[PDB]
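As structure tokens, the structure follows; a few thoughts come after it.
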Protein chains: 4
Amino acid sequence: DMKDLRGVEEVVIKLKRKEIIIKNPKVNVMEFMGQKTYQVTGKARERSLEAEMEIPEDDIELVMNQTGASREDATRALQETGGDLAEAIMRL
Amino acid sequence: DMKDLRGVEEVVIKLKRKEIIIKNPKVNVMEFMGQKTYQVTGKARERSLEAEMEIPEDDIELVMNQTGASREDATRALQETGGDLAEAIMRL
Amino acid sequence: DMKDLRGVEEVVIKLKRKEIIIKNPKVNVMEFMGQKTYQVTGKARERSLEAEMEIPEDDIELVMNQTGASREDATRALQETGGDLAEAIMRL
Amino acid sequence: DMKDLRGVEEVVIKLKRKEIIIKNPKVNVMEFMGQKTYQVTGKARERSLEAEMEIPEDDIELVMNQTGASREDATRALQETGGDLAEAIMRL
């Protein structure tokens, strides 16, 4: 027996390396043999669990101009050294 | 047209008043007409969510003395109505 | 310099034993001396991190009637034994 | 009229496209006219959120060949527009 589940703000699916989030989903429920089955329908988004500190443009531009590094590498290097310019430079 | 989704540690279903948590569920996925549908099977547990707020002592007292309610119920009533005294009284 | 932060769906404050969730908050930001300060305003709710399995009324009522336990104790006992009636009974 | 909030392990600020995470922040709280205001200070990091969906190969190919975009950008463009090809093309 399928039943509608009202007022669901969000479903989150958690894995080791990431989470999947469905906002304001449509959700149905069923109970069978001791387990519940939930059908969740909506648009999903993927949350990679790594977070990165922000880096100022001037610092990125400086490192690029001084080392010949790409924007990608300069940015990464500065994240890798906690925003320390001298060490980002040294590392490139 | 279902695919298996491997390594799911937890699914949480979030509503205003509570969340439903399924540990180490089995999860299937399909996409149809722009929406994902996830089927999630496992044993479910519930976790309730309560209004987080400051309740004036004098309001708790007033509700208790006017309805004969315990401190516990008066406090929960006022939480339920967002500190509205008239409604807290009416519900008890 | 205070700046408004638009489109914030939710702020979650995490502690060891619980989380505080503010839905669709108003949020302002300021940067000073390397740290950002966020002012978050809205109605909060408290998520206690313990989740409980559901228990059928018939089982609660049975245990109550057979042991003389209160609804609170019968419910707790059945959660404590994973819904096993014979052991809930034995425990009361 | 601020109180200290002790033992906060993390604050997460959630938006559609990203989340801002502050580890071991300092947090103050006050209540005024029915709303809580939280002040949260600490070093912030960003975590981006991406549309989770199936993108047809032939659509990726079409966008690449029509705009000269890399597989990477075409795929991200189509993610950005929810699989709408016209708009994916226009944005690249």
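Every chain in the structure tokens has a letter given in the order shown (A, B, ...), and although residue numbers restart at 1 in each chain, ligands are simply numbered from 1 in the order shown.
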
Discussion item. Residues of chain A within 8 Å of chain D, counting only C-alpha atoms - could you list those as a list in words?
Written reply: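 Therefore, the residues near the partner are residues 20, 43, 44, 45, 46, 47, 48, 49, 50, 51, 52, 53 and 54 of chain A.
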
Worksheet entry | residue D:64 environment, 9 Å, only C-alpha atoms, sequence neighbours closer than 6 positions dropped, as a ChimeraX atom specification | /D:70-71,73-75,89

Response to the item:
Superposition check: chain D onto chain A, every Cα matched in order, least-squares RMSD of 5.8 Å

Tell me which protein, DNA and RNA residues are within 8 Å of residue C:30, counting only C-alpha atoms, leaving out same-chain ones fewer than 4 positions away, and put them as a PDB file with N, CA and C atoms, in the first residue's frame.
```
ATOM      1  N   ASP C   1      32.518  46.876   6.789  1.00  0.00           N
ATOM      2  CA  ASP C   1      31.479  47.044   5.715  1.00  0.00           C
ATOM      3  C   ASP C   1      30.544  45.824   5.684  1.00  0.00           C
ATOM      4  N   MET C   2      29.289  46.051   6.064  1.00  0.00           N
ATOM      5  CA  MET C   2      28.263  45.018   6.149  1.00  0.00           C
ATOM      6  C   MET C   2      27.632  44.716   4.796  1.00  0.00           C
ATOM      7  N   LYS C   3      27.578  43.440   4.435  1.00  0.00           N
ATOM      8  CA  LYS C   3      26.993  43.045   3.157  1.00  0.00           C
ATOM      9  C   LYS C   3      25.931  41.970   3.368  1.00  0.00           C
ATOM     10  N   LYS C  36      35.835  36.194   9.075  1.00  0.00           N
ATOM     11  CA  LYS C  36      34.516  36.658   8.665  1.00  0.00           C
ATOM     12  C   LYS C  36      33.570  36.498   9.844  1.00  0.00           C
ATOM     13  N   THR C  37      32.678  37.471  10.000  1.00  0.00           N
ATOM     14  CA  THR C  37      31.584  37.417  10.962  1.00  0.00           C
ATOM     15  C   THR C  37      30.249  37.354  10.199  1.00  0.00           C
ATOM     16  N   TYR C  38      29.485  36.295  10.444  1.00  0.00           N
ATOM     17  CA  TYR C  38      28.151  36.148   9.877  1.00  0.00           C
ATOM     18  C   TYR C  38      27.083  36.371  10.944  1.00  0.00           C
TER      19      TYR C  38
END
```

Discussion item. Using DSSP assignments from the backbone, pull out every residue in chain D that falls under alpha helix (DSSP H) and give it to me as a VMD selection string.
Written reply: chain D and resid 57 to 67 71 to 80 85 to 91

Practice prompt. List every residue of chain D that DSSP, applied to the backbone, labels as strand (DSSP E), and write the result as an MDAnalysis selection string.
Written response: chainID D and resid 3:5 8:14 18:23 26:32 35:42 44:52

Compile the contact shell of residue C:27 as a PDB file with N, CA and C atoms, in the first residue's frame: residues with an atom at most 9 Å away, counting only C-alpha atoms, same-chain residues fewer than 5 positions apart removed.
```pdb
ATOM      1  N   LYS C   3      27.578  43.440   4.435  1.00  0.00           N
ATOM      2  CA  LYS C   3      26.993  43.045   3.157  1.00  0.00           C
ATOM      3  C   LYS C   3      25.931  41.970   3.368  1.00  0.00           C
ATOM      4  N   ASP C   4      24.859  42.055   2.589  1.00  0.00           N
ATOM      5  CA  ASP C   4      23.739  41.126   2.671  1.00  0.00           C
ATOM      6  C   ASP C   4      24.067  39.858   1.884  1.00  0.00           C
ATOM      7  N   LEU C   5      23.688  38.713   2.432  1.00  0.00           N
ATOM      8  CA  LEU C   5      23.963  37.459   1.769  1.00  0.00           C
ATOM      9  C   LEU C   5      22.638  36.847   1.344  1.00  0.00           C
ATOM     10  N   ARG C   6      22.455  36.782   0.029  1.00  0.00           N
ATOM     11  CA  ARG C   6      21.201  36.406  -0.599  1.00  0.00           C
ATOM     12  C   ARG C   6      21.116  34.916  -0.912  1.00  0.00           C
ATOM     13  N   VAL C   8      20.062  32.273   1.062  1.00  0.00           N
ATOM     14  CA  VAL C   8      20.509  31.299   2.044  1.00  0.00           C
ATOM     15  C   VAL C   8      19.324  30.431   2.431  1.00  0.00           C
ATOM     16  N   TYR C  38      29.485  36.295  10.444  1.00  0.00           N
ATOM     17  CA  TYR C  38      28.151  36.148   9.877  1.00  0.00           C
ATOM     18  C   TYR C  38      27.083  36.371  10.944  1.00  0.00           C
ATOM     19  N   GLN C  39      26.139  37.257  10.651  1.00  0.00           N
ATOM     20  CA  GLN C  39      24.963  37.458  11.485  1.00  0.00           C
ATOM     21  C   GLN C  39      23.807  36.727  10.804  1.00  0.00           C
ATOM     22  N   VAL C  40      23.210  35.789  11.531  1.00  0.00           N
ATOM     23  CA  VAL C  40      22.183  34.904  11.010  1.00  0.00           C
ATOM     24  C   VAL C  40      20.924  35.112  11.815  1.00  0.00           C
ATOM     25  N   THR C  41      19.849  35.509  11.168  1.00  0.00           N
ATOM     26  CA  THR C  41      18.598  35.747  11.868  1.00  0.00           C
ATOM     27  C   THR C  41      17.436  34.921  11.305  1.00  0.00           C
ATOM     28  N   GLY C  42      16.717  34.241  12.186  1.00  0.00           N
ATOM     29  CA  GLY C  42      15.548  33.462  11.805  1.00  0.00           C
ATOM     30  C   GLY C  42      15.019  32.639  12.973  1.00  0.00           C
TER      31      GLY C  42
END
```

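The smallest atom-to-atom distance between residue C:34 and any of A:90, A:15, A:66, A:55, using only C-alpha atoms, is found for A:55.
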
Practice prompt. Considering only C-alpha atoms, return as JSON, numbers by chain whatever protein or nucleic-acid residues lie within 9 Å of residue B:92, sequence-local ones (same chain, fewer than 4 positions apart) excluded.
Written response: {"B": [63, 67, 68, 69, 73, 74, 77, 87, 88]}

Practice prompt. Give me, please, the distance in Å between atom CA of residue D:35 and atom CA of residue C:12, quoted to one decimal.
Written response: 15.6 Å

Item to complete: To one decimal in Å, tell me the separation between atom CA of residue B:13 and atom CA of residue A:10.
Response: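 Computing it gives 6.2 Å between the two atoms.
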
Practice prompt. Just give me the gap between atom CA of residue B:86 and atom CA of residue D:31 in Å, one decimal is fine.
Written response: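 Atom CA of residue B:86 sits 20.9 Å away from atom CA of residue D:31.
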